[PDB]
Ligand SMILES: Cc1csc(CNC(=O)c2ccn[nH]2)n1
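The data below hold one chain only, encoded as structure tokens and taken in the form solved without the ligand.
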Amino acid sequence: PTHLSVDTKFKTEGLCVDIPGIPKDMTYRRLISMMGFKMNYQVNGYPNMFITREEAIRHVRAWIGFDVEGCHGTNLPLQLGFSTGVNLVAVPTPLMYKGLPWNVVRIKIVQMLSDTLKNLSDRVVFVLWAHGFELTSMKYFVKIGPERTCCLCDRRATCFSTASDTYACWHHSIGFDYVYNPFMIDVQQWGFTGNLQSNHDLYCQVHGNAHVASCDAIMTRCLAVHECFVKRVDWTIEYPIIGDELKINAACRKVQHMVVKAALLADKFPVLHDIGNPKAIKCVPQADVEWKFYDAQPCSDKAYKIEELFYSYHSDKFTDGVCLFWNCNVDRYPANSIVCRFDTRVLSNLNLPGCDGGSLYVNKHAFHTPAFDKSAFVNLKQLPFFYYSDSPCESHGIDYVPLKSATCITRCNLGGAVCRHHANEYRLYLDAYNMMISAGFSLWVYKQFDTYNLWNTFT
């Protein structure tokens, strides 16, 4: 049981309005055949156009919600809608494009999918809420066959060109006209009572139905993400490295050590309440403080209520000392906190649009994150950049341009001149910091946090 068998049944009920008289008994094998695709018994890595829910989750980065609306059936024009917000009108002679033939529409489809997916995935997964027209229209922009490699590289083939008779991946597909060997999943096959809007609206207020095909494409992919990442959570599924994942994670660990170490020196809190990851370790192992840990998994639905995390009877006194919420998303942070909160609005290859304003952050693992809300941080202030060091000024072992900064909290800068070692360390840390900030993480601290209190820690 690795792939979805072509002899598995397909419920055709949601298909009988666009396709009246459709057989109740239907398989993937009969469906694909009906759609105009000859599989020809092929053992070349393409067993089925349709995929399992587990395979769809593994290839979430590849998801594109797709919906076709019968605008007026080879006699009438079709409105193609994609979760990218695009709307194409195809004729058989929220970006709403006018009526054009299939030969020109298919070119735009390859451009759009290639530009959206090149940095994200090795494939496309057409996420559907199948009513009939989306499956009839696939023969006009899709070609299938044995699994292939790009004509210009070693990545797997995702497009095809009828002009040059060649294949290409998402990167080298300029001028290509066919979507080669795509994947798809029908969300209606998962046992839903009622239509798309009714089921989507149960979990999301952010996507509205303007009645265009792209709105349904967005609601479909949203509902698919809710089902697989919000209500169901699988943190065992690993995901490929497609960006700055290792530098972002390394930066995160450096920023946390720094920020937490400095707060303990500036305000000498006797106790630290570490609320978050049940698999966490002391980020400042040599600190004087009393480290008390409290397990809390990453919330994927709605941000935790601070009342339910702390109260109902542990130190019990969370007001004693400082609270460290490192990626533990709560509705309103106490005033004595140090917080790292991922901003779901950040635009990146790691961040995918989520459910109810939240986002799917995929970095080694998929984490659906609740919508960033600026009000969560009313009793806190933004933590400013600073680099603190108590290490000796010793170069050991790159070139040098004198460093001048007010945010380099070191003994050398106290003395009047920053040494080469602390200048390399400051610049390296500022890069890790800028990396982590740009990757969408925001840092917040208690209002009394003053870096002026760190200069006295060398006496």
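The first residue of the shown sequence is 1; numbering continues from there.
Beyond the structure shown, there is the form deposited with the ligand bound, which is absent from this document and is the topic of what follows.
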Blocked or open, judged by overlaying the ligand from its pose in the entry with it bound and testing 2.4 Å from backbone or C-beta atoms
blocked
With a cut-off of 4.5 Å between heavy atoms, is residue 89 one of the residues that contacts the ligand in the entry with it bound?
yes
Is residue 71 one of the residues lying within 4.5 Å of the ligand in the entry with it bound, judged by heavy atom distances?
yes
How about residue 79: is it within 4.5 Å of the ligand in the entry with it bound, going by heavy atoms?
yes
Within a 4.5 Å heavy atom cut-off, is residue 374 in contact with the ligand in the entry with it bound?
no
Tell me, which of 128, 224, 157, 213 has a heavy atom within 4.5 angstroms of the ligand in the entry with it bound?
213
